[PDB]
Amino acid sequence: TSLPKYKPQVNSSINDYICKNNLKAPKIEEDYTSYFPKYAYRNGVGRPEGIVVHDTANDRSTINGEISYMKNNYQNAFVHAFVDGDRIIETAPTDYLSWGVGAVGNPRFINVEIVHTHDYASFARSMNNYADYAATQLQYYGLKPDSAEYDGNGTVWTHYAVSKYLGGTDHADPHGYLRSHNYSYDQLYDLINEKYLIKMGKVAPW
């Protein structure tokens, strides 16, 4: 008796495209900085409670440019990783917090930024890449996917949901950005869930 194929819970032609074409996320590359702070989550080092979906709100920057700026501006903001259509770059260890979502969410969640992309295929790859990175973290930390968007409880959050339910911040990403590419947070969450289940050996790989 073989593993079942995951049945999508959120209709998504983009996720259908990603799956049908067996898109492979790239390696997770480190690019750490010696002077970034190494602060515990509220429950300890190595104790994130979930992960946040952000987007850069910048329609012109590249992943390299975002990282260069952040290395100089980390006292204002920094995040754990960036993804684009080509790369997944982890800029801070997930065992310590990052300064990406305000004083309430930072002690709880891994912060990951989606760099803006400018064609259909690269956007799709960037969603696959976010989802693969997120599912990797959830599996590594033993955190089952649970979306917080509509109840303020779970392991996968948007910046918007942190603003809405937790406070400490007032940003609304990533909903408007994903909508502009004919996608949605719930489509992304469904992809994260599928990849988590693949990594857990519960559903069939692509």
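Quick note: we count residues from 1 along the sequence shown, nothing fancier.
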Taking the deposited Cα B-factors and averaging over 56 to 64 and over 134 to 142, the higher mean is found in 56 to 64
For the stretches 175 to 183 and 22 to 30, which has the higher mean C-alpha B-factor as given in the deposited record? 22 to 30
Checking the record values for 76, 129, 111, 91, which has the greatest CA B factor? 76
Entry-reported C-alpha B-factor of residue 168 relative to its chain, by third, is highest
Is residue 14 in the lowest, middle or highest third of its chain when residues are ranked by C-alpha B-factor? middle
Among the modelled residues of this chain, does the Cα B factor of residue 46 put it in the lowest, middle or highest third? lowest
Sort the modelled residues of this chain by their C-alpha B factor and say whether residue 116 lands in the lowest, middle or highest third. middle
Give the position of residue 101 by CA B-factor within its chain, expressed as the lowest, middle or highest third. middle
